[PDB]
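Side-chain atoms are counted along with the backbone in the values below, which use heavy atoms only and exclude waters and symmetry mates. Numbered from 1 within each chain, the chains take letters A, B, ... in sequence-line order.
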Amino acid sequence: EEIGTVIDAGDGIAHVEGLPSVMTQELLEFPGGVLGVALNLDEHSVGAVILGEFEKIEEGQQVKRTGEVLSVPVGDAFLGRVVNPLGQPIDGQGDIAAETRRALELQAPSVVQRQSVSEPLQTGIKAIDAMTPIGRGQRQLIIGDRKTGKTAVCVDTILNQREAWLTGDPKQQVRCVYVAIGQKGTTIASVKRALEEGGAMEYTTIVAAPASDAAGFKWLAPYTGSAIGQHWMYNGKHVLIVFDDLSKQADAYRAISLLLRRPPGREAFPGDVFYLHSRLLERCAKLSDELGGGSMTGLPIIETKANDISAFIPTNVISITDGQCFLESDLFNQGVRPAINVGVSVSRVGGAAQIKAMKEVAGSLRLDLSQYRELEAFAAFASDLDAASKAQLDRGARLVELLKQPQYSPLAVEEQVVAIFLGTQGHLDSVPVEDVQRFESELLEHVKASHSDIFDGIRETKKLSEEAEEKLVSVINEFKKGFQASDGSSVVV
Amino acid sequence: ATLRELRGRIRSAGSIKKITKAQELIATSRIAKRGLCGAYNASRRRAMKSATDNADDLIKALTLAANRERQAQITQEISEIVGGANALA
Amino acid sequence: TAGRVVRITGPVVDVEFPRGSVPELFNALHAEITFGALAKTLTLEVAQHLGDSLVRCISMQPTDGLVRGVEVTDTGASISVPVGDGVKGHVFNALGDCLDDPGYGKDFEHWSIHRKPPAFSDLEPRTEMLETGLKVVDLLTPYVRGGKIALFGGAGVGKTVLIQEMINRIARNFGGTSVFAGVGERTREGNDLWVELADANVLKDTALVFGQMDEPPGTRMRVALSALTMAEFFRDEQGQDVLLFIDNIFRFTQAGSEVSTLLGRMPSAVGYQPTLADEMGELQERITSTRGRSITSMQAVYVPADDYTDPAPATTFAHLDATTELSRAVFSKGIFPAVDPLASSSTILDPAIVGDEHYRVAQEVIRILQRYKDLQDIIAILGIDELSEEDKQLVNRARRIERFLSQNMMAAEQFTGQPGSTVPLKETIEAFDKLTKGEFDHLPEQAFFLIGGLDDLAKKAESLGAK
Amino acid sequence: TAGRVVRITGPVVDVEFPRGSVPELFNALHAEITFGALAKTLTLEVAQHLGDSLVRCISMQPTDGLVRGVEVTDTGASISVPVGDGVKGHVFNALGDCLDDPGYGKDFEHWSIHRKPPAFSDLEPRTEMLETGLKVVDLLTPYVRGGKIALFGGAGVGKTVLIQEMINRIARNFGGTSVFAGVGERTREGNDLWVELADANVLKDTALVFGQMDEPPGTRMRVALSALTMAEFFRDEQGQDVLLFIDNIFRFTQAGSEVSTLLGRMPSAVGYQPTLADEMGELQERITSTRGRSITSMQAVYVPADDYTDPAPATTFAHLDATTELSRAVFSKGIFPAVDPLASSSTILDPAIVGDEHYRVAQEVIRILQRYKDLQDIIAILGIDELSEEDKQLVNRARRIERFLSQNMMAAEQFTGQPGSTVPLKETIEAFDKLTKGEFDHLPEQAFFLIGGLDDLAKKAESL
Ligand SMILES: Nc1ncnc2c1ncn2[C@@H]1O[C@H](COP(=O)(O)OP(=O)(O)OP(=O)(O)O)[C@@H](O)[C@H]1O
Ligand SMILES: Nc1ncnc2c1ncn2[C@@H]1O[C@H](COP(=O)(O)OP(=O)(O)O)[C@@H](O)[C@H]1O
Ligand SMILES: Nc1ncnc2c1ncn2[C@@H]1O[C@H](COP(=O)(O)OP(=O)(O)O)[C@@H](O)[C@H]1O
Ligand SMILES: [Mg+2]
Ligand SMILES: [Mg+2]
């Protein structure tokens, strides 16, 4: 048995002389049930990061090595539970039955162990599902300034997974993991409450690293969530992991590194911060059929400052991920909500992550929106604009009004298909802009009320058939006859 | 502060550019069919084309200045960080 | 079993102890300065264990006059502050010493200023609106009762005046205890607040803890913890609603960064301590309302050089339920309170809590102001006439709206000579709904500047001749 | 004569050796992690000699589970990668290990990845043009044989199809091979490229070398050298005209910066490594034509903050000869390849190299396309009819020219049954000379989509 002695300690770090056989990243037991991680190894001592209650660390204390690298419990029992980066519950609901344990640094699937992303992950947000589709096994960044609706988007996705969960088929169910790094505890409580109101905690786990936690927990929380998701991914299940947000993890890791006297680089970050995030985010894969066919979809969040996407961590994460959703406060204040900037947001997976009906209906949306952005400047001179460009500006305005969405209201894929069908087939041209949204919602209700066969066809076949299209157009015309505008005018013809 | 002011000036110049281009196109249409005329009082299509070109040049210059300031800020920040680290070395 | 001073560099002192007598981290140590003109007792907080039985400590008092090798006594516990109802109505420093009555409270119960935040299980979100009577705050930045409120802004934009206004509008009628924490602010401001509270008979319910900007970094770092400890005692033991005012919270971070390099830490970005977010998180998570126990915390946050991207305010933003960012541009336009309506936010400003009408009016106001901001540069260069008729109408509406968001505050009477005014929430919503519909486009914009409600608007309009 | 680990600080490992057994710089040493969960063999590269028989090394794998004092073996040579015709059709990492078949290539000849560029006398003084057979590339932006070509393109723009087409063309016309270097390759994208190349049968003609984003900086920095060494073997020991794709070169620069920061060097301007230019030149100078054999390179370049004065792109563009930019606009119009003729460029488009007629025709085409792009806004807003008759005829001629710059690529045979075409340079020059003269205005625009030479134009004309 090897026992080390604490030779110094300060602001979360402790140096321990001894333990000549200690491994890098090994967990260490300090008195009083304190836990540390051996990060710096040299001939003189071992610089370890204390995971909590650092004030209890004193010089001369006896430190024992666990003989094991950082590992977390994993199992189905974690669904609906709130745990800390060590897998311990912090919601006061008793112990968690752990199926097994996973090391936090197990290597990601290799190039040969993956398959191309081909399954949609419906976020329930028309803008994302139509313009920047997310497939299962993809890493989609959600990047924007504070108070732009990033957490809203992620929570809406988690809520949207509820119908798939209720189907009961493991090939459709999505297990959700939410990692909160450096967030106010009451904010995590609010997020949990929002998920509970939508019946999402039945299939969601929260890895909580509140702002009061040691920098070690803020540094490890994404990896704990990743391991929990990996345990399900490797067993044939599909997972969706949200990191809120990687910028705070990078800041915590920078604090740890600086306190360890490691050489700083740009923005004082160490030389392996990009390695930190790439290692975290390359574990979200789409496994091959030989490995069960499971997958984990990553939804990292990045909080920029002054909409500066050229900063260090935003640049790294943008490089790493397969696509980006840029949220702008200017659009948010304009009323565009979710405030996704369709001009710059991109999904490199593309149509491969969409069902056939969504791909067909959304094909023209990109062109129409780009053309609308081009024509914006001429809204004051409709007379000067020719007929084509005038109707084109009007169609763009209707479409922009269509992609708006109230919070905590995800849409099923068939409903999104019908809405975008209204938008891109001229069925909103006869409606006032201010009414479009309302019209949309009402029409959808009507289709649910009496014509659910359209939704059933779209859902089961994934294609809007010709006869289904004709029936949808007929229902649209009847609703237009029955629809009442806010200005009191008519929308027929 | 200079970087923020440069970014604000860049967005201002961009808005000026789009409005001037729209005015130029509308003037072209009206020709085919206020004082923004270039030197008629001392034509509006010519003035708006000139204004849009000047806005393009101003935007390019402001972007060059903003990129220079961005690089300078990064370099100075790293200079301070490394100076502190060396002092503590 | 006592240590001795080995090194002295400003507010950081190294102390050597005999083996086995090394003080625990954060323990309070006592040293003596015997110089005639500066005789005193330094209180040193153990910050680091340097090894070889050495400890690095931060001095709460100035170290001028200190001599190497002098006796250092370990108290065995962290800095403690008096707790109980007796603190109400008195002024204390970071160490708990009473200022208005030296030696008072020495017999009360003493609580260590270092504490853990409430368990995640006990935390429960708060969503009740707190009505203040300011048009801009009530409409665009509704405050949460038992929640966390911040007033961001650079130097001299109106953070302290707004804090005094909220003390007048909230603390005066409060049915519970109040704790004010003057963290690294002007001593004149502390005296003014003390006299004002005494005049309004609100001091009897208020406990004041002052650490001024001329004190060493240690006091500025620990005064907030002292005040928060008093507030925590009131919340957890007495079980009564607590009002907690902190001004300025950024001073805590600044003092933390001042000693960072002297403690051996390498500097982070913007010359901040690497543990910026960790210390901020500890302090801010200790400031919170637990299930059944409510703390309404209002903090003035200094934004260095008007730069909201600075790491300090940027880190602080995540710890707040409602934020009012005061802007230098709004301040320089003469609009008071100098709130930036576009940059402000409130977690309860959604239809579920504030109602459909409030949300609709607030969103329309925000949209109009954003469009006006977009058109600012076009107006500046090409002039207003080149905008479309709809754009001109929106510009006039937005100018009137931005003037109407201004108000004459009670705490600002000494600056404008005009008595303050209070506007009920329903009147504010109705007036702004009328404004966004163009009901007042005929009145001059000057009629909307520094007034109260619609009655004041009519009075000012008829004074200017409009109707 | 084996060393032992002394310090471990992330991917930086200090190793002690006996007095007379200190390895040379860049030598590859091997250590072992025995912990069951993370058991592996660490490859370390000697970065510095610290004195007292201590060497600082950069680990090519994560150091988790590594213990102090464990035996460290010295291979006596730097990182060596397999070479030969056997590496074609396989995927390797920066250390030469085959990813699609572990153990493969262990018996091949192994070349050290650190090699000098061709001697001064060996370098060919005369710049030569590479005939790709594509109309747009050959005409407007002729590629330099043994030169460097920047590649720019967004998502869904046909970038990968262009890489595939270039692979097939170099394999067939020039009897060469291809080496792909995924620097900071996304594992998803690497698997996608592997599957696509296998499906299109061009994988047999290319060797893939992936240094992935999940790997530490050292591998992301040495993978480009590994791929370049394979290409150098193909060029030198086998007399083949190699084509070396690098994606992304800026990620090679960033990995170098990260390694420099890890080793403790003070950052230079904008936080890059002090030896940024030296490293970029060392990588790029080995890509040259020598002894009648060339390594032509197409490198995907990322410009931080879209600032071409940034040190990384500024240094990279010092070694770039041509620049091809792919546009979503051109892709939307169905033009393939979706090359932006106005934005793209080439340093060798001067009469001294391409001749008088080539330069004249290229400049006329560029002028027509630029004039039409100027008209585009008026056409979009005020309508086409607003234009004068001369503007109408110029719009029609420019549209025909723009369509004719498209082409049915060979790599497009999979997506459409039409086989690809190879247009000789003289035929392209004369055809575009005729086009700029209006000799094909009577023909419909449809006649100018995805065809080869003038014979194809005529045939498609009668077809319509
Ligand atoms: N689609 C939406 N429609 C209306 N309001 C929305 C929408 N999405 C988000 N919001 C509101 O916008 C505000 C910010 O949202 P949210 O906190 O989710 O975003 P964020 O950028 O992650 O924030 P933070 O800075 O707290 O991390 C909240 O009031 C939220 O209710
Ligand atoms: N409601 C108001 N009316 C007029 N002037 C004001 C108002 N609020 C603030 N000010 C001005 O703003 C300045 C700064 O006030 P204060 O809040 O004390 O500083 P800080 O904003 O830095 O805390 C004061 O000099 C005062 O004149
Ligand atoms: N010659 C062509 N004919 C038809 N489609 C093409 C052609 N070239 C490219 N494309 C289309 O461009 C899209 C993107 O192709 P590719 O470059 O392989 O992937 P990426 O979008 O990742 O660059 C593909 O969907 C493909 O159908
Ligand atoms: Mg958020
Ligand atoms: Mg003040």
Side-chain angles (χ1 to χ4, degrees), chain A residues 118-136 160-169 171-172 174 347 350-369 391 395-396 398-405 409-431 435-484 491-493:
Chain A
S118 56
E119 301 149 276
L121 185 90
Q122 308 302 346
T123 74
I125 296 147
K126 305 195 286 293
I128 299 179
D129 277 7
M131 290 312 285
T132 69
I134 302 171
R136 298 183 174 194
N160 193 42
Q161 305 326 309
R162 164 164 194 75
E163 305 308 329
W165 176 254
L166 293 183
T167 63
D169 169 27
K171 186 180 289 293
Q172 302 172 71
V174 184
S347 169
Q354 292 173 309
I355 54 155
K356 177 52 170 27
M358 174 65 46
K359 199 189 294 187
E360 292 298 281
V361 299
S364 65
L365 187 62
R366 173 94 61 201
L367 283 71
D368 294 328
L369 282 166
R395 173 66 87 69
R398 282 88 169 95
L399 293 161
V400 165
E401 205 64 29
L402 173 81
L403 290 179
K404 294 182 194 207
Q405 213 160 334
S409 67
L411 283 184
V413 69
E414 45 269 13
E415 299 162 1
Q416 298 175 75
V417 164
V418 168
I420 291 146
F421 178 88
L422 300 171
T424 50
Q425 300 282 347
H427 295 70
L428 292 176
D429 284 334
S430 65
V431 187
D435 276 288
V436 159
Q437 273 210 74
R438 202 175 55 83
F439 181 93
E440 183 178 1
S441 75
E442 294 174 352
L443 188 142
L444 293 170
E445 296 284 354
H446 186 54
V447 176
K448 296 183 289 294
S450 87
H451 296 112
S452 290
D453 59 272
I454 302 149
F455 288 168
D456 287 335
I458 290 161
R459 169 168 62 262
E460 301 180 15
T461 318
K462 316 293 174 53
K463 310 191 276 159
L464 186 74
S465 68
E466 290 288 346
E467 62 87 20
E469 191 172 303
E470 291 301 337
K471 192 174 172 71
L472 177 53
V473 171
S474 167
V475 170
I476 289 157
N477 284 329
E478 305 275 302
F479 181 87
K480 270 179 172 174
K481 275 199 302 218
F483 174 71
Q484 306 285 126
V491 293
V492 166
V493 168

| message | For the backbone of A:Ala164 and the side chain of A:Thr167, can you confirm whether one donor and one acceptor N or O come within less than 3.5 Å of each other? | response |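 Looks like yes, one N/O pair under 3.5 Å.
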
| Residue of the set A:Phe479, A:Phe421, A:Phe439 for which ring pair (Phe, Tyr, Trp, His ring centres under 6.0 Å) holds with A:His427 |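 One option only clears the test, and that one is A:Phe421.
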
For the atom pair [atom1] ([X]) and [atom2] ([Y]), what is the distance rounded to the nearest 0.5 Å?
X	Y	atom1	atom2	result
A:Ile134	A:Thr123	CD1	OG1	5.5 Å
A:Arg366	A:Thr132	CZ	OG1	8.0 Å
A:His446	A:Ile476	NE2	CD1	10.0 Å
A:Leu402	A:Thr424	CG	OG1	8.5 Å
A:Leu403	A:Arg398	CG	CZ	14.5 Å
A:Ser441	A:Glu415	OG	CD	11.0 Å

| task | Evaluate whether atom NZ of A:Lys462 has more than 12 neighbouring non-hydrogen atoms of other residues, nucleotides or ligands under 6.0 angstrom away. | result |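 Result for NZ/A:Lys462: open.
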
| Enclosure of A:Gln172 CD (heavy-atom neighbours >12, cutoff 6.0 Å) |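 Yes, the 6.0 Å shell around CD holds more than 12 heavy atoms from other groups.
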
| request: Quickly, which of A:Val400, A:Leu399, A:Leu428 forms a side chain to side chain contact (heavy atoms under 4.5 Å, CB included) with A:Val436? Name it, please. | output: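 So the option named by the test is A:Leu428.
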
Considering all heavy atoms of both residues, which atom of [X] and which atom of [Y] are nearest to each other, and what is their separation?
X	Y	answer
A:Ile125	A:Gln405	CA-OE1, 3.3 Å
A:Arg395	A:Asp429	NE-OD1, 3.5 Å
A:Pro120	A:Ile355	CG-CG2, 3.8 Å
A:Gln354	A:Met358	NE2-CG, 3.5 Å
A:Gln437	A:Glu401	CG-O, 3.3 Å
A:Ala130	A:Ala362	O-CB, 3.8 Å

| request: Would you check, one step at a time, whether the test side-chain contact (heavy atoms from CB on, under 4.5 Å) holds for A:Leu443 with A:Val418? | output: CA-CA 9 Å; A:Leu443 188 142; A:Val418 168; 4.1 Å; yes

| query | Could you go step by step and tell me if A:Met131 and A:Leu365 meet the side-chain contact (heavy atoms from CB on, under 4.5 Å) rule? | reply | CA-CA 8 Å; A:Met131 290 312 285; A:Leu365 187 62; 3.5 Å; yes

| request: Report the residues that fulfil ring-ring contact (aromatic ring centres under 6.0 Å, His included) with A:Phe455, sequence neighbours left out, ordered by chain and then residue number. | output: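 A:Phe455 satisfies ring-ring contact (aromatic ring centres under 6.0 Å, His included) with no other residue.
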
| query | Got a salt bridge between A:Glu478 and A:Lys481, using NZ or NE/NH1/NH2 to carboxylate O under 4.0 Å? | reply |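 Yes, this pair counts.
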
| What pairs of residues pass the salt bridge (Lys or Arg N to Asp or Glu O under 4.0 Å) test when at least one of them lies in residues 126-136 of chain A, not counting sequence neighbours? |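 Qualifying pairs: A:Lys126-A:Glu440.
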
| query | According to the salt bridge (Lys or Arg N to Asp or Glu O under 4.0 Å) rule, which pairs have a member within residues 463-477 of chain A, sequence neighbours left out? | reply |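 Non-adjacent pairs meeting salt bridge (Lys or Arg N to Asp or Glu O under 4.0 Å): zero.
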
| task | Evaluate side-chain contact (heavy atoms from CB on, under 4.5 Å) for A:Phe483 paired with A:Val431, printing each intermediate quantity in order. | result | CA-CA 10 Å; A:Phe483 174 71; A:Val431 187; 4.3 Å; yes

| request: Check step by step if side-chain contact (heavy atoms from CB on, under 4.5 Å) holds for A:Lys448 and A:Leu444. | output: CA-CA 6 Å; A:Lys448 296 183 289 294; A:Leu444 293 170; 3.7 Å; yes

